[PDB]
Each structure stands twice: as structure tokens, then as C-alpha cells.
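Chains as they are written, first to last, in the numbering used here: chain A, 1 to 55; chain B, 1001 to 1128; chain C, 2001 to 2188; chain D, 3001 to 3036; chain E, 4001 to 4149; chain F, 5001 to 5111; chain G, 6001 to 6034.
Written below as C-alpha cells is the structure these notes are about.
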RNA sequence: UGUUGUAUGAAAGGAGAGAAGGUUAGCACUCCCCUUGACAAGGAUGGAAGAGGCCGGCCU
Ligand SMILES: *O[C@H]1[C@@H](O)[C@H](n2cnc3c(=O)nc(N)[nH]c32)O[C@@H]1COP(=O)(O)OP(=O)(O)OP(=O)(O)OC
Ligand SMILES: [K+]
Ligand SMILES: [K+]
Ligand SMILES: [Mg+2]
Ligand SMILES: [Mg+2]
């Protein structure tokens, strides 16, 4: 295993926030859902953060 | 006499080089003469290693034989000559306890009836 | 490339060359393929038995020794055995008991032993030949292998009645007294 | 066979059978809440 | 000629094994490796393929289907039955496998096995349509007596 | 507990294998490379047992691999401390008097 | 593998001792083994 | 009594080194390696893929 060093700090944060949001998508979506649409929910997460930075 | 260690050389050359030496049925024996064992008292480990291949009727170390310094020469009697051939085929030029190992056939030692059965079995195999 | 094609390539390599050492390598490879049972036929289809028989006629001692070695393992099969006999190579083998090297002589003896046929097909030839006289000296030689071969040869190609006659002939030569050709051993 | 200490290493360097899924029978999604 | 065709086999296999090594996930892509063997009409390949694929995910729903479909296609029936058996073994809540098993037991013609399978299902009694299905089953054949139980 | 062999043995082995280029020594290449791991230990023991300036020749017990791959000096240099201190005081006196008396002291070239 | 082992088991205190965990000697023996 | 038991680098001959205008900076996710004493750092950001459904093809 590689450690988290100064190069890897921000990318690791995004990597972990991404995985945790994905977990909650799976537990949130109702049983026998027709589509997952996980990638689109993560696109909305990115757009929300980008709108936060731009006020 | 015949125990001299011949040397190697297109002819569609193989992976390992071979010295020029034709093997006749008489040349081959079931007595296998091993020279080049380090003189570190491995009498029994060598014999076990060879007994892996076939069954060894008799093994002894012949000290009269002119050898180089700190080096040993041994005799192995096998039970079946095909076992002797495979023992040569695989053991020859194998590093053994820090020494190059040289196995040669020893036809001088075999007696008249042993030659009789050798030749007869060669005829048996060649006919079929 | 192909086994039989490879053997044919060795045949070509042998024929075109003239360097005696590059022929030494060819006769080595051929004599050691002759040990193979399956490669016999492949050799039988390429006239290489007569290649060996011609090669003994060459006067390079090492080459002749190699040819004899090739023969030795090669003769014993019934097809090949009959071809060699028909060629008339037997006196070529007979010439080899006076060959200087030990190995060549041993090979010749083995080939002679192998050419032995049941039902007394070829034994008669040996008695006529002086080879038996040569054998007596060879049997009592210093070489253990030679001694074993000579004794083995006597049982295979000789008879007790024949041996006694042979011994007498050998004894007569030492004696220096001539024996009539007409006189022969009588069955009891 | 005895091994001398000097030599280095010589060679270069299905799960358990699936457990049955023991589940309550799935409830199919309604079109209303599938719109939700 | 033919040698070119075995070369075609081998290079398509090599790139597919790269594709497979890359993720080991992507089940939709897993089916393609199998169907390409199905085209090549050599099944032992696909049996190992689907064995590996069941190893990655048996929870899957298309995979067990597809395997049994290839079995049906190849008209080899005993293994098809046996592995529908193992399917119903490890996914006993999925209705479809049960349907596609008893349908098969019909069109292949062996009455009792379906009976036993139905009895085994009677443990779960998971859905309303399945019972109706078995009612219709029983009225299909001469028997109305079992249908009362 | 074996018996020490004559020095001709190791001398002949080291002599034969020299430069490790002969095709006959193909299987000793793996063992020589494997023995690289212990060569700092051999250097440590060698320099630890260096002869003192008052002795011409020192003979040391040597533990050598049978292929000739590595040689260890198998001893520890134990000294009596007063005797040892006196011997280097003797060297202090001799070296000083020699630097005084030698007109031109030439130092040897390195390497 | 069967159906009967997913239905809710009896829900009441039939047997206080049966649910109770083993005594200290057994857990010490398994602790020493492990 | 042979042969596909493989790889590195070089030479010769070709291809040409991420960014929805140009010039570029990087850090990672998976699996494929190389240098390395590596829980470090480099090897073009090391290289190579990356939406859904049905049977390479078709549809949004
Ligand atoms: O043709 C090759 C080889 O195939 C053949 N040969 C080796 N071992 C043999 C055996 O057991 N029986 C027969 N009939 N032939 C055999 O001989 C030549 C050359 O042999 P090499 O591979 O060079 O081995 P070797 O003969 O032992 O070399 P040498 O210098 O004598 O001693 C190591
Ligand atoms: K990376
Ligand atoms: K870059
Ligand atoms: Mg990097
Ligand atoms: Mg750059």
C-alpha cells in the first residue's frame, strides 16, 4: 500500500468523498429501482461545489 | 582410457552443445562412473540422489583411480540399463555441492554374462 | 523444419562437403540417429546404410570408427540387417579386426554378433573366414571389454565341434605343421 | 536435501461456494414512486 | 488459411483477456466473451468463462439466465437441468429462474421433476402469480385432485 | 565439528573460478550473487582483524564457502589491555624517533 | 437454503439459561487456545 | 539421437509525445509494467481503457 503524502492529499479527499456519496446513493434508492443514475448524481455534486466557489 | 572428458564443438545447432562421440550398444553400460565429487564426505547424499532415478545394486568409492586434488571418483551399479541411461542423461553436468559432476559409462567392470544380457536386451528392444 | 527433411539435410551436408572434420560431425550425428528405432526407416529410405558402407572405405580412422559405431546399433533390425548383408559389406567388417583402435574392433565384433541368424543361416561363413584365428588373440588380450566380447562372440558364432577344429588350426599355425584341407571333423 | 545459505529464491513471484441469498420477496416499484 | 483463422481466434482472445483483466467487473461485457465462443461453437471455453463469471457475481440476474440459455441452445439438457437446479439453490427469491426451470421441465417432457420442484417451491409461496401458474399447470394434465390440496 | 582443510584447497578454488567467465561455471553464478548479501559482514570481520604494526604476518582462521563465493575471518581480536597499551606506546616512541631521523620521509601513493 | 429458517422464530423468553453465554472456564480455555 | 524455452539494449527502416482555438502544468481511480534499499519519488500527468439498453452491430 502507498501512503497518503502531500502529492496525494487532495485527490485522496475527492476519492473518499466520491466513494461515500456513492454508498449513500445505494442505500437511499428504493428496492428494485429501474435505474441507478449514480453518475448523474455525482455530476450534480460537482456542479453544486462549483457553484459554491463561484457564489 | 575411455573415461576422457571430450569437448564440445551449424548442423541446426541445439540449445546445449555436444562433443563428437557416438554411443554404441557395447559402449553403454549399467556401471556408471562418477568423477568430480568434492572431497567433503558426501558419499551418501550423492548415492541417495542417484537412487532417486532407479535402484542401485552396489555403490563404492574407488580410491585407486587417478583423480585431481580434493576430488572423488565413485561407482554406481544400477538394476536396469534404461535407468542408467536416464541417470546419465539427467545427472551429467549438474552442479553438485560446489563441483562440476562428470558421469561416464564404465563397461570395463561388467562381466561376460552382464554383457550377454545387455546385448540380448538391445536386440529385444530393437526388434519391437 | 521436419525430421526426415532434417536427416536429408544432413545427407546433403555430408555429400557436398570435403572438410574431414565437417564430415566427422555428420558421421557423429548419423551414427547417433542410427541408435533411434523410429529413425531407422527414415535412414532406410535414404540409402544411408550404403553411405556408412562407403564411409568405412574411407581411410580417415576416426571417420571409419564412427561408421562402425553407426553400423553396430543399426544392423540388429531385420530389415536393415538384410540390406547390409546383401551389399556385401561383410569383408569390410572383416578388415576391421586389424584396425588399430579398440572401439572400432569392439564395434565390428558387435556387428558380427548381431548379423547372427537363427537356423544356421550365416554361421557357415564364419568358419571359412580366418576371423576365428584373430579372435583367439583378442580374447586373451589385456582389455577386459575385449575379453568379454571375444568370449561372447565364440558362443554366438561358433560351435564346440567347430571351436576344437579352430583351436587345432590355431595350434597348427603355432606348431608350423601344415594340415590337409581335405581332412574334416567327423560326427560321433 | 541440504540447502546452502547463499542461494537466493529460485521461483519468480475460485472463492468459497456462494451462500444462498436468503431474502424477503422483493416489492416491485410503483409507477408513481418510480416517478419520484 | 486455417492457420490465419486460428490466429484470428487467438488475437481476439488476447484482446478480450486484456479487456477482462482491466476491470473484472462490467458484467454486460462478460456476456460478450461467452457469445463469441458460442459463435466459435466450442463450449468448454464458455463453461469455464461462465464459471469465472459466476465467481465474480452470482448475485447477478442476467448471468444465470444467459448461462442456462446457452445450455438450452446447445440441446444438452442434463447439465441445463442440473445447473438450473443450482441456480434455484442460491437465488430462491427470484421468480424468473423458477419459471424458466419449470417451463423447461415441460418442453423437455418429464412430469415428476416439475412436481417435485413445485413442492419445493411450496416452501416459499412467495407470490400470488406463481400459485395461479401451478393451478394452470395442474389443469393442463389430467389431475385436478392434487389441485385441491 | 569438522576438521580444517589445508590452505591449498581454498587457494585452488579461488584460482580456478577466477573472473567467473568460463562456461563451465554456470551454476555458481547464482550462488555468488546470492552471497553478495553478506559481503558487508566479511568486510567488517576482515578490517577488524588487521595486523598490528609490530607484527609482520598474522594468520587468521577463515570460514570459506565451498564454491569460493565468500570468505569470512572467523575470530575476534582479544587483547590484554595493559599489554596492548604498552605495545602502542612502544610504537609512539619508534614512530616519533623515525620521523625525526629520516631525512626525507616519502609517503606512499594512493591508490 | 430452505424457507423455514427465514420466518421469525419464537419471540418470547422461553429459556433464560439457553441464551446465556458460556461460563468463565470455557471462555478462558478458548482464549488460551487462540 | 536438432529444433518455437524466452527477454533487454543497440543499429537500420517506419510511426510520433493528454487538455472539445494554440501552448502547456500536474495528482489520482482499475491493471500492465520499468528504475529504486523503499510505507519516498520518478519513468510523456509512466502507458492503456472508462454513459445506458438489446443481439462487432443497432437505438437514445
Ligand atoms: O549425440 C550426442 C548425444 O545425444 C549422445 N548421447 C549422450 N548421452 C547418451 C546416451 O546415454 N546414450 C546414447 N546412445 N547417446 C548419448 O552423444 C553425443 C554427444 O554426447 P554429449 O551430449 O556431448 O554428452 P557426453 O558424450 O557425455 O560428452 P562428454 O565430453 O563425453 O562428457 C561429458
Ligand atoms: K497512476
Ligand atoms: K504533462
Ligand atoms: Mg508519478
Ligand atoms: Mg513536462
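By construction, the Cβ of each residue, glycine as well, lies at the ideal position given by its N, Cα and C atoms.
- Query: Going by DSSP, which residues form a beta bridge with residue 1071 of chain B?
  - Reply: B:1038
- How long is the line joining the alpha carbons of residue 2115 of chain C and residue 2077 of chain C, rounded to whole angstroms? 9 Å
- Message: Tell me which residues of the stretch 3006-3021 of chain D have at least one Cβ-Cβ distance to chain F shorter than 7 Å, keeping chain order.
- Response: 3006, 3007, 3008
- Query: For ligand 1, any of its heavy atoms closer than 6 Å to the Cβ of residue 1085 of chain B?
  - Reply: yes
- Task: Measure the alpha-carbon distance for residue 4069 of chain E versus residue 4106 of chain E and round it to whole angstroms.
- Result: 16 Å
- 7 Å Cβ shell around residue 4054 of chain E - same chain, five flanking residues per side excluded: 4063
- Query: Is residue 1123 of chain B near ligand 1, in the sense that its beta carbon is under 6 Å from a heavy atom of that ligand?
  - Reply: no
- Query: How far does the beta strand (DSSP E) with residue 1104 of chain B in it reach, from first residue to last?
  - Reply: 1102-1105
- At 3 residues or longer, and completely inside the stretch 5008-5041 of chain F: list those beta strand (DSSP E) runs for me, N to C. none
- Does at least one heavy atom of ligand 1 sit under 6 Å from the Cβ of residue 4032 of chain E? no
- Task: Could you name the residues of the stretch 4114-4126 of chain E whose beta carbon sits closer than 7 Å to any beta carbon of chain G, in the order they occur along the chain?
- Result: 4123, 4124
- Query: According to a CB-to-CB cut-off of less than 9 Å, which residues of the stretch 5055-5072 of chain F neighbour chain D?
  - Reply: 5065, 5066, 5067, 5069, 5070
- Compare the Cα-Cα distances from residue 2167 of chain C to each of C:2133, C:2184, C:2150, C:2059 and report the closest residue. C:2133
- Interface residues of chain A around residue 3001 of chain D at Cβ under 7 Å? Simply none; closest approach about 37 Å.
- Query: Hey, residue 3026 of chain D and residue 32 of chain A are a contact pair by Cβ (cut 8 Å); roughly how many whole angstroms apart?
  - Reply: 5 Å
- residue 2060 of chain C versus C:2091, C:2101, C:2032, C:2179, residue with shortest Cα-Cα distance: C:2101
- Query: The beta strand (DSSP E) spanning residue 2131 of chain C covers which residue range?
  - Reply: Premise fails: residue 2131 of chain C lies in the alpha helix (DSSP H), 2131-2139, not in any beta strand (DSSP E).
- Query: Which whole-angstrom value describes the C-beta separation of residue 1078 of chain B and residue 1042 of chain B, a residue pair presumed to lie in contact below a C-beta threshold of 8 Å?
  - Reply: At roughly 20 Å, the Cβ-Cβ gap does not stay under 8 Å, so residue 1078 of chain B and residue 1042 of chain B are not in contact.
- Query: Taking one C-beta from the stretch 2115-2130 of chain C and one from the stretch 2152-2164 of chain C each time, how about it: are there three or more such pairs within less than 8 Å?
  - Reply: yes
- Is residue 1067 of chain B near ligand 1, with its Cβ less than 6 Å from a heavy atom? no
- Expressed to the nearest angstrom, what Euclidean distance is found between the alpha-carbon atoms of residue 6002 of chain G and residue 4123 of chain E? 8 Å
- Task: Please state whether DSSP places residue 1076 of chain B in a helix, a strand or coil.
- Result: strand
- Using three-state DSSP, classify residue 5105 of chain F as helix, strand or coil. coil
- Item | Given 8 Å, three or more beta-carbon pairs between the stretch 2019-2026 of chain C and the stretch 1061-1077 of chain B | no
- Message: On the DSSP letters alone, give me the boundaries of the beta strand (DSSP E) that residue 1056 of chain B sits inside.
- Response: 1056-1061
- Query: So what's residue 6011 of chain G in DSSP terms, helix, strand or just coil?
  - Reply: coil
- At a Cβ threshold of 7 Å, is residue 2012 of chain C touching chain B? no
- Query: Taking C-beta to C-beta, are residue 1074 of chain B and residue 1025 of chain B nearer than 7 Å?
  - Reply: no
- Query: So does residue 2031 of chain C have its beta carbon nearer than 6 Å to some heavy atom of ligand 1?
  - Reply: no
- Task: Report the neighbours of residue 2152 of chain C on chain B: residues whose CB is nearer than 8 Å to its CB, in chain order.
- Result: 1112, 1115, 1116, 1119
- Put residue 5064 of chain F into one of helix, strand or coil per three-state DSSP. strand
- What are the partner residues of residue 1031 of chain B, as DSSP defines its beta bridges? B:1077
- Task: Select from E:4130, E:4058, E:4084 the residue whose C-alpha is nearest the C-alpha of residue 3019 of chain D.
- Result: E:4058
- Taking Cβ positions only, does residue 6006 of chain G come closer than 7 Å to chain D? yes
- Item | residue 4129 of chain E versus E:4003, E:4087, E:4099, E:4024, residue with shortest Cα-Cα distance | E:4099
- Message: Let's see if you can read the secondary structure: which residues bound the alpha helix (DSSP H) around residue 2064 of chain C?
- Response: 2061-2074
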